Amino acid sequence: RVXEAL
Amino acid sequence: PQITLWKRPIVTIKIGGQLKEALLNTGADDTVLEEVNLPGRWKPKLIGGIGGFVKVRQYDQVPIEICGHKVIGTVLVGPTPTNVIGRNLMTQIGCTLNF
Amino acid sequence: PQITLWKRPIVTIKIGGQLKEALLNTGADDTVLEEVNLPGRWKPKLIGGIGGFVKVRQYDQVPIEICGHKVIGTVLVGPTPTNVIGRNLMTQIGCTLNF
């Protein structure tokens with residue numbers, strides 16, 4: 001549904 | 001405008017009289033914010049992303065101004081690591097991907 | 001191509017000689033795929049999303065053909081509800097947001 005970092 | 005992707009596509013929004021920043025997220029179906037105070041009734045919902053799943057409040061018909069463009073729609077409020085504008089609102093401002 | 005956002009912006013890629021599809025994700029700094037198999041050495045990494053963190057393998061300089069455009073960059077391989085192309089590849093294909 002709701003996709004990012006680090 | 002046109003926004004390249006060399007950094008995070010972050011825009012300024014106004015929602016419920018508060019000013020916030022949010023990331024234009026083609027990877028989100030829905031719009032999720034934290035630390036907003038929306039008025040009225042809401043329904044519990046769970047959303048998923050990478051890493052697992054989060055309990056949210058769903059508010060319908062919320063006015064939100066996104067880079068100076070006024071739209072209305074569903075806004076989810078819950079523990080996100082960054083505020084996200086989803087495709088539900090992006091289609092309202094006419095946002096497209098071009099390459 | 002121009003891609004509107006009424007549906008998820010999914011494209012066909014070829015990577016490691018295999019065909020996959022993947023979501024063009026302006027909300028993602030990095031590209032995350034599962035069940036591809038890349039050759040060679042990698043480095044362990046952790047990435048964070050909406051509901052927590054996951055462990056991924058990091059591969060550098062991986063050739064990837066993305067909607068008929070050949071690019072090379074970092075590709076992370078690990079648990080994800082869906083395959084994502086992040087900004088690190090999107091800038092390579094010259095992808096922008098427009099409204």
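As annotated in the PDB entry, chain B carries the name Protease and comes from Human immunodeficiency virus 1.

### Looking at the relation of the copies chain B and chain C
With an RMSD of 0.2 Å, chain B superimposes on chain C once it is rotated by 180° and translated 0.0 Å along the axis. Such a combination of rotation and displacement between the chain copies is what one expects of a two-fold axis. Comparing interface residues between copies, 92% of those in chain B also lie at the interface in chain C; the contact surface is shared.

### Topic: the interface of chain C and chain A
In this complex, chain C contributes 12 residues to the contact, which on the side of chain A involves five residues. With four residues, the top contributor of residues to the side of chain C that touches chain A is strand β5 (residues 43–49) of chain C. Tallied by class, the residues present in the side of chain C that touches chain A amount to six nonpolar, four polar and two charged.

### Let's talk about the sheet that holds strand β9 (residues 96–98) of chain C
On the basis of which strands lie adjacent, the open sheet formed by four strands has the order β1(B)-β9(C)-β9(B)-β1(C) and antiparallel pairing. Looking at strand neighbours, the two that pair on one side only are β1 (2–4) of chain B together with β1 (2–3) of chain C, the edges of this open sheet. Bridging between strand β9 (residues 96–98) of chain B and β1 of chain C involves two bridges; their strand directions are antiparallel. Across the sheet, the residue bridging to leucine 97 of chain B is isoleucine 3 of chain C, located in β1 of chain C.

### Digging into the pattern of salt bridges
The final tally for this structure, using the stated rule, is four salt bridges over all chains. In this structure, the salt-bridge partner of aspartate 29 of chain C is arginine 8 of chain B, at a minimum N-O distance of 2.7 Å. In this pair, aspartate 29 of chain C sits in the loop between β3 (18–24) and β4 (32–33) while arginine 8 of chain B sits in the loop between β1 and β2 (10–15), so the two residues belong to two different chains. Under the relative-accessibility criterion, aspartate 29 of chain C is labelled buried at 15%. The structure contains a network of salt bridges with shared partners spanning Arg8 of chain B together with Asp29 and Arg87 of chain C.

### Description of the side chain of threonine 80 of chain C
Mapped onto the elements, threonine 80 of chain C comes out in the loop between β7 (70–77) and β8 (84–85). Excluding its chain neighbours within four sequence positions, the residues that come into contact with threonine 80 of chain C are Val32, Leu33 and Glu34 of chain C.

Conventions we followed
Residues numbered from 1 in each chain as written, not as in the entry; some residues may be left out. Chains lettered and ligands numbered in written order. Heavy atoms only, no water. Residues with missing side-chain atoms left out of burial classes, pairs and counts. Least-squares fit on C-alpha atoms. Contact = heavy atoms within 4.5 Å. Helix = DSSP H or I, 4+ residues; strand = E, 2+ residues; numbered from the N terminus. Nonpolar A, V, L, I, M, F, W, Y, C, P; charged D, E, K, R; others polar. Pairing = 2+ DSSP bridges. Salt bridge = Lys/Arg side-chain N within 4 Å of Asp/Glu carboxyl O. Buried < 20%, exposed > 50% of the residue type's maximum accessible area, 1.4 Å probe, protein only.

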